[PDB]
Structure formats: structure tokens, C-alpha cells
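One chain follows as C-alpha cells, the form deposited in one PDB entry.
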């Protein structure tokens, strides 16, 4: 194990990244989880292991720290400085948190794995959050699979239990500390903060008996179904946070609602994720590379 470090500094480094072992493992992981959740509600009776339970407890610790760290009165009208107090706790305690999940015989892996956790919750200096932080959380989970802490039978729970809870905690950070989107915003982005739940969420909805894409801009449909469906939960967050016509506050998603099937939405969002997140220097340039997700060319 080694200290994961940044490797994307120049334009040619984008190709280095796309040819890397890290990229192959990362995109393979996203696609594997995408397939596993296909056609299933969040309440699907999936297996729940000790490691999954410990990851939920880890996220609940993060949540508790938010409650202990209220917003401060401040002059700035953007991010709330209390975020930095919260983040400092995570920075100090990340290895301890990860150690509650990783059994002692794999203790050597804790510092490397914990770097991804420390990169998954936003930026302290800027008080911002974007799809690069979300990617680091997926990378954190990917590392836990690679070292065998999480297994194939945990894959549905990774999305429906752990990632689902992570999104709740991220929404709470974003609202509580008035966090700024880190990257492209408004007309320029799919969503101000997230990406993966629209991929995995659209996979859930493949072959649904009633819901089709145009239904996600129907407030009634979202209200009656969001508890079962990660995609719909994301839309609910948007409509709760933003006012006015959907077409104006979320134009990209508005256009996506016209797609005739969830399978086509899912296929299109995978393409879009590569183009607008993984191949986007300003979004992905802070990705860190160590031993588990290495910058060396993919083995083959």
C-alpha cells in the first residue's frame, strides 16, 4: 500500500488516466453495480453483511457530527464555515472510521482506503461538492471490494443501503452548510452535485410497469414512488431545492424526460458519465492514485 496521489496535471494525462488500471477497475465497478440493481426497488430483499452494517454506522457517525456542528453566523453568503469544523473531524478520524469496517488482518490497507473517504465529502477550502467527490466515494467502495472486505453478495447493498445512505448525508451537508456546486452548474450540468444515482436509479426502473422517463417531471408520480427509486429521490431533492419551471432550473434532465424508455436513459447516462465526469479534466483532475487504484497501464 502507498499514499494515493494526484496524477492528472496536463492534457496528455487524461489519456494516461483512461489507459490506467484504476480507470478499468473503476468503470468496471460502476457497470457491475448497475447490472446488479436492474429492475429492483430499494426495498428488494438483499443480503446485509457485517461490513455493510459497519459502513452504515460509519455514515451515521458522519451524520451525528453534522448535528454536533451547527452552522455559524457569518458574513459570507456562500458556504458556511462550520463545514470546515465538520471536515476537520472527518480528516482526523477517517482511519479510525475505516478501521471499524476493515478487519484487523487487513489493517495495512486502512490508510490508503481512508484517503478516498477523505476525498468523498467535499472541499474544506472552497466549501464545495461535486461529482469528483461522489467518484471518490465510489472509489472508496471499489477499494473495499478489491481487498475482499465487500463481496459479490454485497453488491446490491452497496447501492441500496450504503450509497443510498451516503446520498442522504451528502444532501444534509449540502443544505446545512450551504455548500456550492464544485463544477459546472445550472444549464451546464446534469445535476449540481450528483451523477451516479441517476445511472443506478435509471437501471432500477428498466422494465417498470407504469413509470416511464416523462413521469420524473410529474410531481405526483415522484411523490408516490420516490421511496423505492433512487432516481426519483434525486428529482425530489431538486424540486425541493429549486423553484420555477423544471425546464428552466434543470434543462438537461428536462430533455432526458423525453427519452422513451429507462433502458435508453441508462445507456445514455453511462455515455454522458464518461464524457462529462470521467473525461472532464476540471471534474476528475483531483482523482488520487495509489496501489489499489493505480495509474499504471491496465493489465491485459
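Residue numbers count along the first chain shown, from 1.
The following text describes the form deposited with a partner chain bound, which does not appear among the structures shown.
Proximity of residue 178 to its partner chain in the deposited complex: non-hydrogen atoms within 4.5 Å are present. In the deposited complex, at least one heavy atom of residue 241 sits within 4.5 Å of its partner chain.
Residue contact with its partner chain in the deposited complex: residue 123 places a heavy atom within 4.5 Å of it. In the deposited complex, its partner chain sits within 4.5 Å of a heavy atom belonging to residue 187. This chain is drawn without its partner chain; in the deposited complex, the residue among 81, 208, 89, 161 with a heavy atom within 4.5 Å of it is 81. Residue-level contacts in the deposited complex: of 35, 50, 248, 67, one residue has a heavy atom within 4.5 Å of its partner chain, and it is 248.
Here the chain stands by itself, but in the deposited complex one stretch of 189-197, 153-161, 99-107, 219-227, 189-197, has heavy atoms within 4.5 Å of its partner chain.
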